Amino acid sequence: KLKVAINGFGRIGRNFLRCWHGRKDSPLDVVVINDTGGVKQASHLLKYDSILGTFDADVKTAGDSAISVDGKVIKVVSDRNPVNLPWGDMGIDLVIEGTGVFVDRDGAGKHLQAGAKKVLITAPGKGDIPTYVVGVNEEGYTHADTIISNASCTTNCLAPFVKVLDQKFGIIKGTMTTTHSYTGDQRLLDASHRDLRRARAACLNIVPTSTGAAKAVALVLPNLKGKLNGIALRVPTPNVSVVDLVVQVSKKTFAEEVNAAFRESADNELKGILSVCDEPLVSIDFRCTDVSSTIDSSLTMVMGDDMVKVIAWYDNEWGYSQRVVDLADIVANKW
């Protein structure tokens, strides 16, 4: 139904495509991809992937500016400068902005110059741009919004249960580490990088970095402004990340009661978004799970009586892309 274009056909982009493609009765129709990489490359990389594994579809080139996915021809255009793209002419309604570069209203604003009606950025914006997280504040999406964000996938992991915690015990202050699967921009071998931590061999190192995720939460849960801070440690697992959140709450509680509250929500207001796992699983068991955030219930601790600790696993790539589609077809669904 909704005329959809994907800007950028790297990990996030391709990820969105196969996510959308696996859906029951998608309100969305994807007609075009803007990628400078070329049609041969876009095809190949869409079909094969070390993390998501081979795509279960007939993916091939259809001429020299399109790919088919089981017959379904998708168009492929190739401009570096977004103001050019034949959006207008192709009557595009929603752009998935996955390049990572055009995060402001001034960079992303270039898409509505090509004559596109709405833009969804797959990354936090630099102010004045409304971020949204399905399960957290999705209710607040006006149709008037021309440019919207979906935040980091860490924030997509963290916000849902922070909501639950805040709603039910009342976060006073808290801090958080994100044990995080290594990520594209890091260095295979020690080499040049603006972050001297991130210049360093990704496969050999626990590498510390800043995370936007803590302050970023405040954007979608205003009640938490300046109550959280964080750090990330990139580790040599390719995918699947864990958040390690310590908060102090106002309602005296205990480990078991916390876990009950998450289950309460996992079966109700967050069904499909939050899960609670009561099994002794390891990181690679959360590969390809459809939820933003799974609480590892055996690991929840409360010291005592008000400092609560919570460990949640998230699939950094797939779980996030799932949300992007969840957001995109709310945009579509209420037109």
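We number the residues from 1 along the sequence you see.
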- Note on the structure: Comparing mean C-alpha B factor in the record for 249-257 and 171-179, the higher one is 171-179
- Query: For the stretches 32-40 and 306-314, which has the higher mean C-alpha B-factor as given in the deposited record?
  - Reply: 32-40
- Looking at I231, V73, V76, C153, which has the biggest Cα B factor in the entry? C153
- Note on the structure: Temperature factor at the Cα of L85, chain-ranked in thirds, falls in the highest
- Task: Can you work out whether the C-alpha temperature factor of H111 puts it in the lowest, middle or highest third of the chain?
- Result: lowest
- Task: Please rank the C-alpha B-factors of the chain's modelled residues and tell me whether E269 sits in the lowest, middle or highest third.
- Result: highest
- Item | Chain third (lowest, middle, highest) by recorded CA B-factor, residue given as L165 | highest
- Classify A201 as lowest, middle or highest third according to the C-alpha B-factor given in the PDB entry, relative to its own chain. lowest
